[PDB]
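A.B. asks: I'd like to ask you about the structure that follows.
When we count neighbours, we look across all protein chains shown, and the Cβ atoms used for this are built from the backbone with ideal geometry, even at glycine. Please treat every number below as a calculation from the coordinates, not as lab data.
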């Protein structure tokens, strides 16, 4: 199916916030997610190698990138978080999560986890429930 | 059990970056709307200043044109003064 005028308009709004008239590859990640997407940086490098030699992406190219990548949910991140509730109690240590993200898997910066944990700070009891996160992460 | 845990750390990491971006988006979007309405003030008061200048130009021309018309009517009165003097001759 083809992107409706409503979608193309929403996409132009995102793209325009990032006066070049084309967005960088580094910003490309942030622009796709800002439009509801949640890809990993692995998935990104494949798509950026597909259309660069240039160095950037403009809105038409970006729309084809938004056509290339498409999400077919909340259960996938719940189950991914379930791997963190070692007790299966439905809760996860904030400190433990911080150690996981920064040093294991996709290395998040101290900035990035701080922003994730910034709102989490209201939650922080040393340990934190992930249901506040699943709701915050899903919301646009 | 080990590979699904790595699928889990990357999954949470990817969903993490999405929320951060949408937060940032909300911040950028609100920042733009903020600067815009303020700029809407900044331009409306620019149009008002032009209006005040137009009124001042209208006031300046009013006295100029009004005084120019009085030049003719003062001529008329002085001319009548001499004609009455010439009528006083005969």
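A.B. asks: Given the DSSP H assignment, sum -39500 (n - 2.57) over each helix run of at least 4 residues in chain A and divide by its residue total; what's the result at 222 nm in deg cm²/dmol, nearest 500?
C.D. replies: Computed ellipticity for chain A at 222 nm equals -18000 deg cm²/dmol.
A.B. asks: Comparing B:17, B:40, B:29, which has the greatest mean-square fluctuation in the GNM of chain B with Cα pairs linked when under 10 Å apart?
C.D. replies: B:17
A.B. asks: How well do other chains shield peptide A:115-128, expressed as the mean number of their Cβ atoms within 10 Å of each residue Cβ?
C.D. replies: 1
A.B. asks: Okay, next question. What does the average come to when, for each residue of peptide A:75-81, you count the partner chain Cβ atoms lying within 10 Å of its Cβ?
C.D. replies: Averaged over the peptide's residues, the number is 4.
A.B. asks: If I take all pairs of Cα atoms in chain B, what percentage of them are more than 23 Å from each other?
C.D. replies: Tail fraction, whole percent: 70.
A.B. asks: With equal scatterers on the alpha carbons only and no solvent term, can you work out the Debye log10 of I(q)/I(0) for the range A:1-70 at 0.23 1/Å?
C.D. replies: The Cα Debye sum returns log10 ratios of -1.06.
A.B. asks: Please compute, over every Cα-Cα pair in the range A:71-138, the percentage with a separation greater than 21 angstrom.
C.D. replies: So the portion of pairs separated by more than 21 Å is 19 percent.
A.B. asks: So, one more: Just counting partner chain Cβ atoms within 10 Å, what average do the residues of peptide A:8-15 show around their Cβ?
C.D. replies: The per-residue average across the peptide is 1.
A.B. asks: Okay, next question. As a check on your grasp of the helix formula, calculate [θ] at 222 nm for chain B: sum -39500 (n - 2.57) over DSSP H runs of n ≥ 4, divide by the residue count, round to the nearest 500.
C.D. replies: -36500 deg cm²/dmol
A.B. asks: Compute the long axis of helix B:2-87 from its Cα atoms, compare it with the longest principal axis of the Cα atoms of chain B, and write down the angle in degrees, 0 to 90, nearest 10.
C.D. replies: Compared with the principal axis, the helix lies near 0 degrees.
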